[PDB]
Amino acid sequence: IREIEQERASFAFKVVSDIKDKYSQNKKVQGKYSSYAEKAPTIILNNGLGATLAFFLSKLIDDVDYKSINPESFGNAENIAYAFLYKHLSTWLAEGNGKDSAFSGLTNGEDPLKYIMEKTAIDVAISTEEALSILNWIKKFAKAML
Amino acid sequence: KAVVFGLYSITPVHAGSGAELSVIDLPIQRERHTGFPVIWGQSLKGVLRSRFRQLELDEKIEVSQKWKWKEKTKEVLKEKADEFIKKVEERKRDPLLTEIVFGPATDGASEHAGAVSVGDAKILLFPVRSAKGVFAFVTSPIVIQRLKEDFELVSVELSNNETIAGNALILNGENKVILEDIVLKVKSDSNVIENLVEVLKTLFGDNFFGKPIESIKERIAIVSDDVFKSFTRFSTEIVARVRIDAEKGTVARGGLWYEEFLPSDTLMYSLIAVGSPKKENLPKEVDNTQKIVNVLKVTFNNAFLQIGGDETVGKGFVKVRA
Amino acid sequence: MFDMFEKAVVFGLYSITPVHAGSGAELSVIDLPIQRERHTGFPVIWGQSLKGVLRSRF
Amino acid sequence: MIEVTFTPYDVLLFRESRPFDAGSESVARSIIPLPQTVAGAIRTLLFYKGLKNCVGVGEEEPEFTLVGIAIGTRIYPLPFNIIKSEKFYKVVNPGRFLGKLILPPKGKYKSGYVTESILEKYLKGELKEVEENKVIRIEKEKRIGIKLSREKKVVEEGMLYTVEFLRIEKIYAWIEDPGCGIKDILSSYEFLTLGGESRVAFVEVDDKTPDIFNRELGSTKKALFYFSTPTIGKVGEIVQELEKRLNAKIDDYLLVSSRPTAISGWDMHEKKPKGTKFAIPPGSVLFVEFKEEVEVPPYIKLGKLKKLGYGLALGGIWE
Amino acid sequence: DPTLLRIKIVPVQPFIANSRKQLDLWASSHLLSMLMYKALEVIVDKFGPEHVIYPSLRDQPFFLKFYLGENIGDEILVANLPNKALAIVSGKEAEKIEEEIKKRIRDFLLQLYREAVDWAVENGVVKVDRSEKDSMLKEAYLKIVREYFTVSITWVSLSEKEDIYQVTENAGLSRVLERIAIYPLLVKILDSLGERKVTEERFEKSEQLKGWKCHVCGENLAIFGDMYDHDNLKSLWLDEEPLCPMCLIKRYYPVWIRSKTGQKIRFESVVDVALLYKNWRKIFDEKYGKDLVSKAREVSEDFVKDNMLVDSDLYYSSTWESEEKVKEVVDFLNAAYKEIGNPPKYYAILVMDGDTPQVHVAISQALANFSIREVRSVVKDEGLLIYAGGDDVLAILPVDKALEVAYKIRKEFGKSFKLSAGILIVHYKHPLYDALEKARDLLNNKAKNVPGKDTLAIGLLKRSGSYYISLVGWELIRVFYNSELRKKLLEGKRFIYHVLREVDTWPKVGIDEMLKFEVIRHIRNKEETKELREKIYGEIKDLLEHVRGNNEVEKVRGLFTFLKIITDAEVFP
Ligand SMILES: [Mg+2]
Ligand SMILES: [Zn+2]
């Protein structure tokens, strides 16, 4: 339960750094990502993980595939920040830090939203807790870097 | 001879260690080399001695007759019996059988030694929250190897991502176990859990402290040494306690601290090494090692004890199998 | 075989209002969670919380 | 030769010589076990088994001979001519000045333990240094206890105490039995009390001579003697004894050592402390240049109280 | 026939560690310096002080007072003479000097013991009849005194010629020169010779009688220890504390120095030093000092001596607790505590150590000036300076001066020329022998074990049992005292707890960012909030540069371990 925290922190630092790198001169994008990262756990708490992912989906389709998302191809800061947070959260649940690391995800590459629709209630609960935990780490680095 | 004491916690346990290095104000006793939770031999002995002493003074000790310690004291110490009994009432000494088994009270220490050597209570099964089956009884190869060594002398390979677990912990078809918020993949294994249960049955009997040992088998999870150590160090209860200044109805100055607890549903074991009773002119029914062992088993088997601190806030209660 | 005590009483507790037996603030979506037994996840009220309440009333 | 293996159930206390009475001086710090403590534990077992002939009740020594002891995880104290330099412990060989053997200045000694294999290479003169990670320290475990009132369950006045235990995996003892039947009696016991606070160790016994006692070092003038257990006696008498037992005179010698080992103990027969003796500490090395070539023995017993396990020296060579 | 002669006296640290009270500690170190002085007197008598290369005697208070007969003040109370000396003598006198030095020290110690025996009986240190004095002077006890210290003396001719490359290679390091030509190498080789002679002499002690041991050192037979049982022996001694001949000398030694110099250390026990914290005792005495001594004598006249408490531990209420006159004192003490604060119960042990004959003389003079004058000036009356013999220091300090004194001494040493140090903060109740051994372990096994050394090792051993250790570079002390972080922390435990508990979960690549976060979370108008966060983060980053550690994680752990020590409200009330 300690090594998993380090893995989360490593991922969180990486994705926030990518945000700050690509949009260094764009404070609006950085600020939007930060706000959404803070609001995200709340949306999950009050609506569940499934609905939250669906809510992100509406901010972007043919199929539910986080891989196919391209955050940089959007017009405004709101959609760019949403697409990034959505992909980050989905990537973590599906891939972790890669298959060369301790944590390689929970869903084995499957999109978390479709995963929720197919697997058991237990599978959904662990995905919910894990989602809250990674967002909690993203919030830390967001406040300190963005 | 020797008696193995199995200890099963039914409420959280705080065996206090002042010397333990921790970010917690009041941490529990731990082994230096392994970092495992432990109950010191001296803590356990004090508990055992206090219970035994109360029973002796209350004439509830059985040796298959009622032990009358003042009668036995007179047929042992003879002319010095009355002054000894006076010291017992004055709490300068303890009653006869108590001092035979555990040694004289400090005032009479040099007279003779205690018959028993009370060993540390070592951890065996540590409860960890499981997504399936409420919680798992978690152990490790190093623990099993220690148990086997202690038992053999008195008479497994896992990666950090793997677990050997019973069916009640395993997600259907996924071959996974989820302990708290981490996922371990199930390693196929045939007899390791079964072997462990057999060892437990050979030491504590068919009933596992009020339940069939076969039920326990389905909820045992064997994890790697590093993972087990991690859980025993970071999954123990860390509780904030306060003191309220009722004059103001708010938390008093210097009235906040943190205390660690060993969880309930923890299994530990202590080897009680029994030597020959060392007091001079012993009564016949307790004049050798086997007789001391027998009294120990009857007195503490299926007993309830309180170990550690925080008795009055409901902590430290364990079931005993001897 | 529980000779350290002589009698026992069961205190039944029925909540008529919501109850927050606290464990302190956390860096989490739930800032102030209630007391829970960690290895089962079951809600509890620690004996020291209840004792403080009983003591103050008595 | 019989090999006894002690396996501590938990912790061990080999208390230093200092008052340790409840209600007064209340701090017990363990030292590295002295061989007489191990001898005492064995003698006490025989004392209770009814073999009082081999015990030596009220005597300094028993009838049998404890060759020596060693702790294990088998490890030995760093030879005192091994000096830590950065991240390495370097072996320092004897020099010569004014026709006298000396140890050249190369830094201060730092305490620690090495495996039996590292010691073997040292004794063969094939050891240059040891990486600091292979130098072991003995683990201590500090426990703080109290005494409670019988009824009120509160601490009695002044009844708090501290013990610094050792966490040791194994203790080995080697015994030469002149027919007392020690191997049979030890086999009948599973455990025994060793050291203080009524701690026990499991007992195993095997009929074998450890390989370190069977080494073939060859013949040379330049022999050294590593003391694996404390050695009691004047250096002059020990060197003279060495000359007699090897039938060879010595041109010069150098004792590389440290703080003398203070040895007293507790007389269980008379129920009072033993008289204080002083010894050459384990890890000390006696470098010897014999007048003629000698066959360096794998081990040799020197000094006083040999039967208690003292004076066990391991043979070696230097250049 | 010029001959380089080396003197070494052992043991030092074991003898010094055999202490129960602070007076034992001072007397041990001071007596050791006195033994070297008695030894050097033999050299000086024949060849004068200028032939003593090390140490520089012309500045030594012992030499000034006892040899030149000057009126030296309280600086005589500091042990300044080390346990090793180097001199140049005539070759024909070398062997005679060796014999005479050994004899002076034996005689001096025997004389001290005879006086100690007389003093002990007359002042009730031993509750025995004056007829039993002969028993105390029997041979078994005299052997212990006579044999305790080993004085090794070796020498080498400076005039002798030798092939330099042959003598240095054989030692383990025109081609034919006198040995004085390679004097620097000769000094080191002479140290080896001396070490050889140390082990030739120190393992020749006589076995002792059966019996109970001294309660101070625990190793030697206590006087009357062979003729009584434990309980009866204890009743025969003051404070139920049986003493061997060496520790009897130790207890007598302060009154001997008192009669010899008129001087006595200002701070008698570790409690006296502890209560220097924030001038607590001074503030109390002005406000409550008269009343307390009155109530103290009302309980017992034995509690008051010279209008002062016989023991400074009587400022603690717990001392009085462990009948109606006693309750009056405790209530009075507790009332004062609520007003001016609880009394300091912790103190600090500071130990420090360094990491052509004419040039060597100059070095010795610099070391003499540093140890005798500079270290004394730094410590002054802020604590008790027990020993300063060159590059090594032993002082007892109140916890609020420990870091400052240590840093100042280090800087002073730098101006003269690297020092490592151990500081142990310890409860006044803790056994002094253990505290001193822990303090030296901090110095020897922690600070000096860091690559490049020059390290301060700070240990805090709480009364409850915990032992926190932090290894820092000297510059950390400066940065911290000038830092906003310090003023903010002392204006807390939550900030420190969170960091220590969770630092192992921090990503290796993002440690700095996590530090930024915890500062944001724990440090807070919004104008001041932004400034304080930037400043404190910068200070933390500055402090981390001077923390000893393998990686950034261990540096963070080391720093916040340091912060945990100095913010401990129980240690710094
Ligand atoms: Mg004891
Ligand atoms: Zn002494």
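Quickly run through segment D:173-208 and pick out the residues that are under 21 Å from residue D:76 (Cβ atoms) and crowded, with 17+ Cβ neighbours inside 10 Å.
D:173, D:174, D:175, D:194, D:195, D:201
Given the conditions (1) over 28 Å from residue B:277 (Cα atoms); (2) under 15 Å from the mean Cα position of the chain (by Cα), report the number of the one that residue D:37 does not fulfil.
(1)
Consider residue E:502 carefully, then state whether it is more than 7 Å from every other protein chain (Cβ to nearest Cβ), assigned to a helix (DSSP H, G or I) and of a type outside the set (A, V, I, L, M). Break it down into steps so the answer makes sense when it comes.
Details: more than 7 Å from every other protein chain (Cβ to nearest Cβ): yes; assigned to a helix (DSSP H, G or I): yes; of a type outside the set (A, V, I, L, M): yes.
The answer is yes for residue E:502.
With the condition kept exactly as written, say whether any residue in segment D:119-130 is at negative phi, within 12 Å of chain E (Cβ to nearest Cβ) and out of contact with any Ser or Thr (no Cβ under 9 Å at 6 or more places or on another chain).
no
If I filter segment E:134-180 down to residues being within 34 Å of the chain's Cα centre (by Cα) and hydroxyl-bearing (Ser, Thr, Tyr), which single residue comes out as surrounded by the most Cβ atoms within 10 Å (Cβ to Cβ)? It would help to see each step written out before you state the result.
Let us first name the residues in segment E:134-180 that are within 34 Å of the chain's Cα centre (by Cα), namely E:136-156.
From what is left, the residues that are hydroxyl-bearing (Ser, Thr, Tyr) are E:141, E:148, E:150, E:152, E:154.
Values: E:141: 24, E:148: 18, E:150: 21, E:152: 22, E:154: 22.
Ranking the candidates gives E:141 first.
So which of B:267, B:200, B:296 ends up being under 17 Å from the mean Cα position of the chain (by Cα), among the aliphatic types (A, V, I, L, M) and within 30 Å of residue D:46 (Cα to Cα)? Please lay out each step first, then the result.
Details: B:267 fails: within 30 Å of residue D:46 (Cα to Cα); B:200 fails: within 30 Å of residue D:46 (Cα to Cα).
Of B:267, B:200, B:296, the one residue that is under 17 Å from the mean Cα position of the chain (by Cα), among the aliphatic types (A, V, I, L, M) and within 30 Å of residue D:46 (Cα to Cα) is B:296.
For segment E:357-431, please list each of the helices (runs of 4 or more DSSP H) lying entirely inside it that holds at least 2 residues being of a type in the set (D, E, K, R).
E:402-416
To keep it simple, each residue is scored yes or no on (1) more than 16 Å from ligand 1 (Cβ to nearest atom); (2) facing chain D (nearest Cβ under 7 Å); (3) in contact with a helix residue (DSSP H, G or I) (Cβ under 8 Å, 6 or more places away or on another chain); (4) more than 12 Å from residue E:152 (Cβ to Cβ).
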residue	(1), (2), (3), (4)
E:188	yes, yes, no, yes
E:194	yes, no, no, no
E:202	yes, yes, no, no
E:205	yes, yes, yes, yes
E:222	yes, no, yes, yes
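I need a count of the residues in segment B:272-322 that are β-branched (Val, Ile, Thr), in a helix (DSSP H, G or I) and out of contact with any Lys or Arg (no Cβ under 9 Å at 6 or more places or on another chain).
The number of residues fulfilling the criteria is 2.
When only residues in segment E:521-567 that are of a type in the set (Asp, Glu) and assigned to a helix (DSSP H, G or I) count, which is surrounded by the fewest Cβ atoms within 10 Å (Cβ to Cβ)?
Out of the qualifying residues, it is E:527.
Output the number of residues of segment B:164-190 satisfying the condition of being more than 14 Å from every other protein chain (Cβ to nearest Cβ) and either closer than 14 Å to residue B:219 by Cα or within 29 Å of the chain's Cα centre (by Cα) (or both).
Adding up the residues that qualify gives 5.
Based on what the data block shows, is residue B:136 in contact with a strand residue (DSSP E or B) (Cβ under 8 Å, 6 or more places away or on another chain) and either over 30 Å from residue D:189 (Cα atoms) or within 16 Å of ligand 2 (Cβ to nearest atom) (or both)?
Spelling it out, residue B:136 is indeed in contact with a strand residue (DSSP E or B) (Cβ under 8 Å, 6 or more places away or on another chain) and either over 30 Å from residue D:189 (Cα atoms) or within 16 Å of ligand 2 (Cβ to nearest atom) (or both).
Find the helices (runs of 4 or more DSSP H) located wholly in segment E:60-169 whose residues include 2 or more that are in contact with a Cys (Cβ under 9 Å, 6 or more places away or on another chain), and list them. Explain how you work it out, then say what you get.
Numbers: elements: E:94-122, E:133-136, E:139-148.
In segment E:60-169, the matching helices (runs of 4 or more DSSP H) lie at E:139-148.
In the list E:228, E:288, which residue meets the criterion of being within 14 Å of chain D (Cβ to nearest Cβ) and more than 15 Å from ligand 2 (Cβ to nearest atom)?
Just one listed residue meets the conditions, E:228.
Can you spot a residue in segment B:42-65 that is in a strand (DSSP E or B), among the charged types (D, E, K, R), crowded, with 17+ Cβ neighbours inside 10 Å and touching a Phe, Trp or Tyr at 6+ places or on another chain (Cβ under 8 Å)?
Within segment B:42-65, none of the residues are in a strand (DSSP E or B), among the charged types (D, E, K, R), crowded, with 17+ Cβ neighbours inside 10 Å and touching a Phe, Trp or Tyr at 6+ places or on another chain (Cβ under 8 Å).
Would you mention how many residues in segment E:6-56 are within 14 Å of chain D (Cβ to nearest Cβ), crowded, with 24+ Cβ neighbours inside 10 Å and more than 16 Å from ligand 2 (Cβ to nearest atom)?
Summing the residues that are within 14 Å of chain D (Cβ to nearest Cβ), crowded, with 24+ Cβ neighbours inside 10 Å and more than 16 Å from ligand 2 (Cβ to nearest atom) in segment E:6-56 gives 0.
Just for segment E:201-256: of the residues that are hydroxyl-bearing (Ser, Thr, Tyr) and part of a loop (DSSP other than H, G, I, E, B), which one is nearest to residue D:271 (Cα to Cα)?
So, considering only residues that are hydroxyl-bearing (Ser, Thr, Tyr) and part of a loop (DSSP other than H, G, I, E, B), the one nearest to residue D:271 (Cα to Cα) is E:228.
Taking residue E:249, is it buried (at least 17 other Cβ atoms within 10 Å of the Cβ) and within 16 Å of ligand 2 (Cβ to nearest atom)? I'd like the intermediate steps shown before the answer.
Values: buried (at least 17 other Cβ atoms within 10 Å of the Cβ): yes; within 16 Å of ligand 2 (Cβ to nearest atom): yes.
In short, yes.
Taking the residues in segment A:46-74 that are within 14 Å of chain C (Cβ to nearest Cβ) and surrounded by 15 or more Cβ atoms within 10 Å (Cβ to Cβ) as candidates, determine which candidate is farthest from residue A:108 (Cα to Cα).
The extreme case among them is A:52.
Is it the case that segment B:96-117 has a residue that's in contact with a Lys or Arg (Cβ under 7 Å, 6 or more places away or on another chain), within 14 Å of chain E (Cβ to nearest Cβ) and assigned to a loop (DSSP other than H, G, I, E, B)?
no
Might you let me know whether segment D:139-146 holds any residue that is among the aliphatic types (A, V, I, L, M), more than 25 Å from residue D:316 (Cα to Cα), part of a strand (DSSP E or B) and within 14 Å of chain E (Cβ to nearest Cβ)?
yes
Residues checked against (1) within 30 Å of residue E:114 (Cα to Cα); (2) away from ligand 2 (no atom under 16 Å from the Cβ); (3) not β-branched (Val, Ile, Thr):
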residue	(1), (2), (3)
E:244	yes, no, yes
E:298	no, yes, yes
E:304	no, yes, no
E:308	no, yes, yes
E:312	no, yes, yes
E:321	no, yes, yes
E:331	no, yes, yes
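When the residues of segment C:9-58 are narrowed to those that are more than 11 Å from chain B (Cβ to nearest Cβ) and of a type in the set (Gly, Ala, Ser), which ends up surrounded by the fewest Cβ atoms within 10 Å (Cβ to Cβ)?
The qualifying residue surrounded by the fewest Cβ atoms within 10 Å (Cβ to Cβ) is C:12.
List the residue pairs whose Cβ atoms are under 6 Å apart, where the first residue sits in segment D:184-206 and is under 11 Å from residue D:9 (Cβ atoms), the second is within 16 Å of ligand 2 (Cβ to nearest atom), and the two are 6 or more positions apart or on different chains.
Sorted first by the residue in segment D:184-206, then by its partner, the list stays empty.
In this structure, does residue E:265 turn out to be out of contact with any strand residue (DSSP E or B) (no Cβ under 7 Å at 6 or more places or on another chain), more than 16 Å from ligand 1 (Cβ to nearest atom) and farther than 30 Å from residue E:334 by Cβ?
On the way: out of contact with any strand residue (DSSP E or B) (no Cβ under 7 Å at 6 or more places or on another chain): no; more than 16 Å from ligand 1 (Cβ to nearest atom): yes; farther than 30 Å from residue E:334 by Cβ: yes.
Taking the combined requirement at face value, the residue does not satisfy it.
What is the number of the single condition among (1) more than 16 Å from ligand 2 (Cβ to nearest atom); (2) within 30 Å of residue E:336 (Cα to Cα); (3) not aliphatic (A, V, I, L, M) that residue E:239 does not meet?
Evaluating residue E:239 over (1) more than 16 Å from ligand 2 (Cβ to nearest atom); (2) within 30 Å of residue E:336 (Cα to Cα); (3) not aliphatic (A, V, I, L, M) leaves (1) as the failure.
Output the number of residues of segment D:6-26 satisfying the condition of being within 16 Å of ligand 2 (Cβ to nearest atom) and over 17 Å from residue D:266 (Cα atoms).
Residues flagged as within 16 Å of ligand 2 (Cβ to nearest atom) and over 17 Å from residue D:266 (Cα atoms) within segment D:6-26 amount to 1.
Report yes if some residue within segment E:187-198 is within 16 Å of ligand 2 (Cβ to nearest atom) and outside the structural domain of residue E:387 (by CATH); otherwise report no. Steps first, please.
First, pick out the residues of segment E:187-198 that are within 16 Å of ligand 2 (Cβ to nearest atom): none.
No, that holds for no residue.
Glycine gets a Cβ as well: all are built from the backbone with ideal geometry, and neighbour counts include every protein chain shown. What is reported rests on the model, the rules as stated and the sources as named; no laboratory instrument gave them.
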